[PDB]
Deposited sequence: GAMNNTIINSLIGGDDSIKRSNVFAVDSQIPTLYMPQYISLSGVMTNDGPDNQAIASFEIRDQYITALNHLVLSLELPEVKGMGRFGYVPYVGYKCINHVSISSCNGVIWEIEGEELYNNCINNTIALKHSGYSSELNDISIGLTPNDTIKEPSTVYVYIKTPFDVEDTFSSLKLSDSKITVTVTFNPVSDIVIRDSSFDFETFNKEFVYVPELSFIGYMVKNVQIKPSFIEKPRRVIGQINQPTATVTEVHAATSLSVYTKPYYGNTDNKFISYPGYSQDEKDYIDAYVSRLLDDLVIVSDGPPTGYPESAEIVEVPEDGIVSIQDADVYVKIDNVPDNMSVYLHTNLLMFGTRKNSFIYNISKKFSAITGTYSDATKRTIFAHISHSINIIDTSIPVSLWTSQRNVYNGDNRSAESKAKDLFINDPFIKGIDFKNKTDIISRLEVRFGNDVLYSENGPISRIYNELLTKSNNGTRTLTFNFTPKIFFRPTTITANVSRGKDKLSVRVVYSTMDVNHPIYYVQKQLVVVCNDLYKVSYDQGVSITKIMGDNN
């Protein structure tokens, strides 16, 4: 027949066998789910706070919290766009509490980090060309951005095993509190945009949705919850300490830049297109306008400090050791090809090394358009990196710089954008540059873990199936919900009740503007708590 005779003869007895072809269908707990949406109470350092009260005899349990936000219509002049994943960037803090106190809470950045491997959650929060590309308003009544609604998935420990992990409401009042970051953090704009009026007129319009469960004869049992706690080290300090560590499931270490010493203005931004190449291309495109000029005699509208040299017959312009090959086609007979040899330059001493952005170009080819009176570039050979695109404009014109610094046109400088994204990691927009050369984790006096390479980040990325992980030390490899989590146990008598993190940062060149980008060390500790349901919901720190 259809089965091969070799198989039939091989089969056609005494040993006890587990049934792999049938199973006894277990009757589950009688329940009924419902998607419930609630309007909050807004309160106003005049920080916006949204409060959602959940109290209903029939809402036995809940999970999968989703916060929706109504983004308004943006009208006026100038350039405006929203940061990618705008919804997550709105969040400063989220708290879930009962009458007995806080059950679970997370910092805005930590919620975002936990959802970074979820493409759907990230897309829902606001990742579109409509939202993230930098739109321009021409008249005071021109529409820059159309109104839109974003959805932020507040991932909680109650979602891990669906109904099994759900937050039970033992006839108690659950309060979900959401603290919002200033609108400055979620917006990318130029000087021409009236941010002053926008900041006044903007209001966060939130709504909290969750999956509620009406359970008939619920059999509540105690559980365990991991609560994240972060410590931010002092500016440019390679150390941070998490105190009162008694039962931790994990410890994450990362770096964040600090732009308080700057006006938060950057030359370029790629918009919705967020790849490393997109950031580089947007920067190169912004510089090329002033870098290669086709003019009738020496170019005008540039500072006296600018050194604009006419390209010789051979096409090669020498900027010290660096040779720039510039060849433009269809150049009018009355005009010549010019190169800005010091577009952006930095130096600490009057005759030492100089970081010149024009030296980072080797070949520039294109064709001059008679119709539009502009140069259309064909191919650019350069060495521009993600760090260059991540340099705040202030650092080019800083007191440390002996040169003018910014030798661009006033037209180009007016196109600069303010970027206040609250969740930037490393020293660049893509968190590409690893500035941690060594990591040392001490549990008291004893060295708990040490590494010279980011193998803890490699393990984090593999074990969580994420492409954007952090240097994480995982202590729990036991299946969640069905088992009590494995934790690092303290010894208060021996002074082993704290985790001290020490990093060795990379040594950067003083004549490179990135040296002055201030760094902050972020250490995240996941503490183990026991969820008790005896006379309301309550949590107790495992010690």
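Could you give the ranges of the deposited sequence that carry no C-alpha coordinates?
Those parts of the chain that were deposited but carry no coordinates are 13 to 15, 48 to 50, 550 to 553.
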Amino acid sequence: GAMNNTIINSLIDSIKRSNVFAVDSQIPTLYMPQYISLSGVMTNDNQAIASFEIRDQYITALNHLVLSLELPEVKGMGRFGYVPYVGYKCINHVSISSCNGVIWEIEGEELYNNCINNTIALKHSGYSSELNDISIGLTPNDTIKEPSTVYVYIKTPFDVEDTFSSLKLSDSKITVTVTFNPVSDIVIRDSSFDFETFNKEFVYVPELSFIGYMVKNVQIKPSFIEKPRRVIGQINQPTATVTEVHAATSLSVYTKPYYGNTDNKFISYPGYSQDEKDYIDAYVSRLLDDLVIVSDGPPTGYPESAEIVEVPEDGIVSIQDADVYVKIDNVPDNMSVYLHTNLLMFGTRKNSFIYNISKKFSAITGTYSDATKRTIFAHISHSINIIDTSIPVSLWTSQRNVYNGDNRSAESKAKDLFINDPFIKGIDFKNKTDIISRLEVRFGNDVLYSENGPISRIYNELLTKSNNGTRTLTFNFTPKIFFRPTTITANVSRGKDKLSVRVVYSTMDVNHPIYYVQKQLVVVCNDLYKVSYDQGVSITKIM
From here on, numbers count along this sequence of modelled residues.
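Which has the higher mean CA temperature factor in the PDB entry, 478 to 486 or 493 to 501?
Mean C-alpha B-factor is greater for 493 to 501.
Give the stretch, out of 308 to 316 and 84 to 92, with the larger mean C-alpha temperature factor in the deposited entry.
Stretch with the greater average CA B-factor: 308 to 316.
Among 275, 406, 109, 133, which residue carries the highest C-alpha B-factor recorded in the PDB entry?
Among 275, 406, 109, 133, the PDB entry lists the largest C-alpha B-factor for 406.
Highest Cα temperature factor in the entry, among the options 461, 281, 159, 296: which one is it?
Checking the PDB record, the top C-alpha B-factor among 461, 281, 159, 296 is at 296.
What third of the chain does residue 212 rank in for C-alpha temperature factor, lowest, middle or highest?
For residue 212, whose C-alpha B-factor we compare with every modelled residue in the chain, the answer is the lowest third.
Pull the Cα B-factor of residue 34 out of the PDB entry and bin it into the chain's lowest, middle or highest third.
Within its chain, residue 34 is a lowest-third residue by C-alpha B-factor, going by the deposited values.
Tell me, lowest, middle or highest third: where does the Cα B factor of residue 415 rank within its chain?
For residue 415, the deposited C-alpha B-factor lands in the middle third.
Lowest, middle or highest third of the chain for the C-alpha temperature factor of residue 176?
Middle third, going by the recorded CA B-factors of the chain.
Thinking about Cα B factors across the chain, which third does residue 101 belong to?
CA B-factor rank for residue 101: highest third.
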